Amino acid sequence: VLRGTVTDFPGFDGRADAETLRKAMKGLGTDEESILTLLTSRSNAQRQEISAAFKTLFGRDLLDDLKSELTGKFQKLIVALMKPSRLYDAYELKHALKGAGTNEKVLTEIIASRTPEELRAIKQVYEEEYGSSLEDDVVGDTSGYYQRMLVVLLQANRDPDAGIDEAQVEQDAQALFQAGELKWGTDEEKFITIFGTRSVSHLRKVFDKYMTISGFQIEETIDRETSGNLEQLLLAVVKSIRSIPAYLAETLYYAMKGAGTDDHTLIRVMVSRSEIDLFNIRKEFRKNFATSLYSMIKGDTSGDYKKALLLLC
């Protein structure tokens, strides 16, 4: 079931790759074609071995070098690829929080689409890395029921997929129905517990029972794919309970639709899911948007930044 687009390069030699990269950057200029094609055909653990090998051979730091040589969206994309996989979501989360304001989009996206296993690991790396708790930094930045629901999801304690209790499926479908009709503005406490704590197989049966009660799908009610942090989060959780590859396909779609490109979302999803389910996200994208992701990127992006995203894709 989950398939990535980037795997370990067979016949890898970290020293040989350290030398190619050194050659590509040494002296006047920069060979971006060579950097781009090597780093998108190596997996993230191999990139860490190349950095190690580059410091042993040359006494230089590879990422600081990539950063002085490269520029703009291509530099942002190569810097993201060099981030150890284990640290990347934690990094993104620290940067949505830190500073004035907060970037709610990244906050909703990663806490709603990551599994409990991913989240236990994220919370642990964040503390170790940044010295504060993710939970505390979230409570310091967010407010109201949006804050509460983030904290519920950050406990990473959803019920197990086990005994499906239809009395409880019926009860909960009813409550969501009643909450939906009231525009998710009334028994917040009641519904936040159902969305953050029930098992995924229970909630899929609930969403189906909601359908037969209302005549429609629950995202039609929460649908205002714009405005209000908790509703955006309710929509991201519902879509992710249904299919995380489908929900990330859609956030990709919407990063490129309209005037502009949200390149930050486009790098973040492309890089974070490259070795997990980016293949699944590709199939979902074509299936729901009747265009491949490749072609959507190709029309939306330019230069070596485009060359590198199309090789990851």
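One rule holds for the numbers: they count along the sequence shown, beginning at 1.
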Quiz item: Do the CA atoms of 101 to 109 or those of 71 to 79 have the higher mean B-factor in the entry?
Solution: 71 to 79
Practice problem: Check the entry's C-alpha temperature factors for 284 to 292 and 54 to 62, then say which stretch has the higher mean. | Solution: 284 to 292
Self-check item: Identity of residue with top Cα B-factor, from 190, 204, 239, 148
Solution: 204
Quiz item: Out of 84, 163, 196, 228, which shows the largest CA B-factor listed in the entry?
Solution: 163
Exercise. Among all modelled residues of this chain, ranked by Cα B factor, put residue 313 in the bottom, middle or top third, i.e. lowest, middle or highest.
Key: highest
Quiz prompt | Ranked C-alpha temperature factor of residue 256 among modelled chain residues, by third | solution = highest
Exercise. Would you please rank residue 277 by its C-alpha temperature factor against the other modelled residues of its chain and give the third it falls in: lowest, middle or highest?
Key: highest
Exercise. Just say lowest, middle or highest third for the CA B-factor of residue 297 relative to the other modelled residues in its chain.
Key: highest
Quiz prompt | Chain-relative CA temperature factor third for residue 128 | solution = middle
